[PDB]
Amino acid sequence: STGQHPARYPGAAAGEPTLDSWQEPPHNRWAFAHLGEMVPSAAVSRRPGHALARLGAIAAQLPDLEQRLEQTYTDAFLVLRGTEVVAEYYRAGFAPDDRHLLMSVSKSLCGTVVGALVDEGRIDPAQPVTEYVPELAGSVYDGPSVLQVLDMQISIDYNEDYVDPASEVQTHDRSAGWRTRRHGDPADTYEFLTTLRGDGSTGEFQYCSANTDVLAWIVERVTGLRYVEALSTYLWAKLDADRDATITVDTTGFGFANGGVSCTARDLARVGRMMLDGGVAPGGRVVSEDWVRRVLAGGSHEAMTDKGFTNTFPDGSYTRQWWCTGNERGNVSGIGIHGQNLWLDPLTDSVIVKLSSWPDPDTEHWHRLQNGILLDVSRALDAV
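Residues numbered from 1 in each chain as written, not as in the entry; some residues may be left out. Heavy atoms only, no water.

The deposited coordinates for this entry were obtained by X-ray crystallography, with a reported resolution of 1.58 Å.

This is the structure:
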C-alpha cells in the first residue's frame, strides 16, 4: 500500500474516478468539468505557417542566430533581460502563446514548490523521506534525507536503457501513463516508486527522475493538496502568468512532477525572473532569499561525476533540482531532454528560455550546439 493520497475532488474515494467510472455519480460532477484529466483531448481553436523571428539587438552580435536555432530544432526561444523581452523566436507552426512540454525542466519547478514549503517550515530537508512518506520504508528511499532527494545524491538501481521494457526508465513511463501499460506493471507512480532499490550508498550524484516524483509525493503528504494544485498554489498562481500551465497526470490524478509540465516560453521565463528577484514573484514570495542563494551557489562538486555535464562544465554541480554550471558567469539552468532549458544569467539579470524538439533526447552533439547558443547569447547581453 502507498497510503493516503489527495482526493481527485472533495469526498472522492481513493483512486476515483477511473476511465471506467467517470460518467457515474458522484464522480461525474467533477469529471464533466475536467474531462481532459481522464481522456486525451484536443483544443478547438477560437482563432482562425511562418517562423517568427524578433531577435532584437543581439542579432547584431549573433548574425547566424536564427539558423543556429533551426539547427537545434528550436520551437520557442525567448530572452528576458530584467523585466523586458529583448528577443523572441518561434518556429513555423508554433504560436507565441502555444504551450510546450518542459520535460525535466519540470523538476526545477517541483524543487521550487518544495522550497516554498521549506520557507514555511513545513518541510525540513534534513529529515528522512520516511518522516513524510512512511510508506517508502523498505525502498531505496528508506534512509536518505529529503535534501539528498533534492540534490539527487542517492544510489538507485534504475536502468536508463529505455528500449528495454524491463528498464526502470520505461516502467516509470508506463506506470504514469506516458506509455502503454504492460501486464504486471505498478498501478500508479506511487507504487512504482516503492519498488525501487539501491545498495544504500549516498553522496554521489545520480540523475534519476524517480527522485522528483518522491518530492511531489512529499509535497502532497505535507499539504494535503494534489501536486497539480500545489504546483499552482505555491508557484504558478503567483507568477502573473498569461496562461495556465498543464501537467500530465497518472490514473490516480498524480501529476508527472519529474517531466510532464507544459507552458508558454514567456510564462516559463517568469519562473527565472522570480529566481533572479531573490525568490519573489508578482503574487508574493515563492521561496526564501536563502533558497535562491543556495541554488546559485551550487551543490557539492565532488558529488558531481557526470561527465556528460563536467566535460563542458568542469566545476559544475547539482542542487535542489537545478544544474549549476560553475562557469565564470555562474550560470544555472533547468534542463530537459530534447533541448529544453530554463537558463539563468545573473550577471546580466537575464533569463533565457529555449524549448526544442531534438530528434534525440540526449547526445554530446546536441548539448554542445545548445550550450554554445546559450553562452553566446548570455555574453551578447554583457555591457560593452
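Enquirer: It is not clear to me how the side chain of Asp-250 should be interpreted in this structure. Could you clarify?
Expert: Inspection of the secondary structure assignment puts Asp-250 in the loop between β5 (246-247) and β6 (261-263). No salt bridge is formed by the buried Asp-250. Its closest oppositely charged neighbour is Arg-8, at 6.2 Å. A distance of 2.8 Å separates polar atoms of two side chains, one belonging to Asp-250 and the other to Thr-252. With near-sequence residues (within four places) excluded, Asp-250 lies in contact with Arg-8, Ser-175, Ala-176, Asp-188 and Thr-189. (Helix = DSSP H or I, 4+ residues; strand = E, 2+ residues; numbered from the N terminus. Buried < 20%, exposed > 50% of the residue type's maximum accessible area, 1.4 Å probe, protein only. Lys, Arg positive; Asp, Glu negative; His and termini not counted. Salt bridge = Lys/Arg side-chain N within 4 Å of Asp/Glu carboxyl O. Polar contact = N/O pair within 3.5 Å; in protein donor to acceptor, adjacent residues only side chain to side chain. Contact = heavy atoms within 4.5 Å.)

Enquirer: In this structure, what is going on with the pairing of strand β3 (residues 84-90)? I would like to understand it.
Expert: A regular strand places its side chains so that they alternate between the two faces of the sheet. Of all 7 residues in β3, 5 are buried; the element is thus mostly enclosed. As paired elements, strand β2 (residues 74-81) and β3 share 6 bridges and run antiparallel to each other. Within β3, the position partnered with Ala-76 by the bridge is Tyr-90. Taking the residues between adjacent antiparallel strands as the criterion, β2 and β3 are bridged by 2 residues, where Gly-82 takes a positive phi near 65°. (Pairing = 2+ DSSP bridges.)

Enquirer: Any chance you could explain the nonpolar core here in plain terms?
Expert: Here is a general trend for soluble globular proteins: nonpolar side chains tend to be buried in one another's company. In terms of nonpolar packing, the biggest core is built from 74 residues, with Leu-109, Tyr-141, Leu-196, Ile-218, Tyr-227 and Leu-268 touching the most fellow members. Residue contributions to this core peak at 8 residues, all from helix α8 (residues 209-223). The residue makeup of this core includes at least three contributed by each of domain 2 (49-121 + 226-384) and domain 3 (122-225). Filtering out sequence-adjacent residues up to four positions away, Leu-268 remains in contact with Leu-102, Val-105, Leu-109, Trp-236, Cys-263, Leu-342, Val-353 and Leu-355. Membership of the second largest hydrophobic core comes to 18 residues, among which are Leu-62, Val-86, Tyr-89 and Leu-375. (Core = buried A, V, L, I, M, F, W, Y, C linked by side-chain atoms within 4.5 Å. Domains from an automatic or database assignment.)

Enquirer: Just checking my understanding: could you explain the sheet that holds strand β4 (residues 100-101) for this structure?
Expert: Sheet strands pair by backbone hydrogen bonding; their relative direction is either parallel or antiparallel. Read across the open sheet, the 3 strands follow the order β4-β6-β5; overall the sheet is antiparallel. In this open sheet, the two strands that pair with only one neighbour each are β4 and β5. Here β5 runs beside β6; their pairing, made up of 2 bridges, is antiparallel. Paired with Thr-246 across the strands is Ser-262, a residue of β6.

Enquirer: Help me understand the pairing of strand β11 (residues 332-336), please; the structure alone is not making it clear to me.
Expert: Along β11, 5 of the 5 residues are buried, which leaves the element largely enclosed by surrounding structure. Taking every second residue as pointing to the same face, both faces of β11 are buried, with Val-332, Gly-334 and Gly-336 on one and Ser-333 and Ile-335 on the other. Where β11 meets strand β12 (residues 340-345), 5 bridges bridge the pair, whose relative direction is antiparallel. Directly across from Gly-334, in β12, lies its bridge partner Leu-342. In textbook terms, the turn of a hairpin is the stretch between consecutive antiparallel strands, and for β11 and β12 this stretch comprises 3 residues, one of which, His-338, has a positive phi near 70°.

Enquirer: I tried to follow the sheet that holds β3 on my own but got confused; where do I start?
Expert: Pairing is antiparallel across the open sheet formed by 8 strands, whose spatial order is β1-β3-β2-β13-β12-β11-β10-β9. Where the open sheet ends on each side, the last strands, each with one partner, are β1 (52-54) and β9 (317-319). Within this sheet the neighbouring strands show an average axis-to-axis angle of 20°, counted without direction. Strands β2, β3, β10 (322-324), β12 and β13 (350-356) of the sheet are contacted by helix α10 (residues 265-276), whose axis makes an angle of about 145° with β13. Across the sheet, helix α13 (residues 364-380) touches β2, β11, β12 and β13, and the angle it forms with β12 is around 30°. (Axes fitted to C-alpha atoms, helices over the stretch in contact; angles between N-to-C directions.)

Enquirer: Mind showing me how you'd approach the side chain of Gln-340 here?
Expert: Its place among the elements puts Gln-340 in strand β12. Of the residues examined, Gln-340 reaches a relative accessible area of 2% and is grouped as buried. At 3.0 Å, the side chain of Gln-340 forms a polar contact with the backbone oxygen of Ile-337. Within the local environment of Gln-340, its side chain forms a polar contact with the backbone oxygen of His-338, the two atoms lying 3.3 Å apart. Discounting residues that sit within four places of it in the chain, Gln-340 has contacts with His-100, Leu-101, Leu-102, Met-103, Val-105, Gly-334, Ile-335, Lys-354, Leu-355, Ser-356 and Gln-370.

Enquirer: For this particular structure, what's the right way to read unusual backbone geometry?
Expert: Both trends apply: most residues other than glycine have a negative phi, and most peptide bonds are in trans. With an omega of 0°, the peptide bond running from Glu-16 to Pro-17 counts as cis. With an omega of 0°, the peptide bond running from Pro-25 to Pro-26 counts as cis. Along the polypeptide, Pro-26 turns up in the segment before α1 (27-31). Although it is not a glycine, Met-103 sits at a positive phi angle of roughly 45°. Relative to the elements of secondary structure, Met-103 occurs in the loop between β4 and α4 (105-119). Here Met-103 falls in the buried class, since its relative accessible area comes to 14%.

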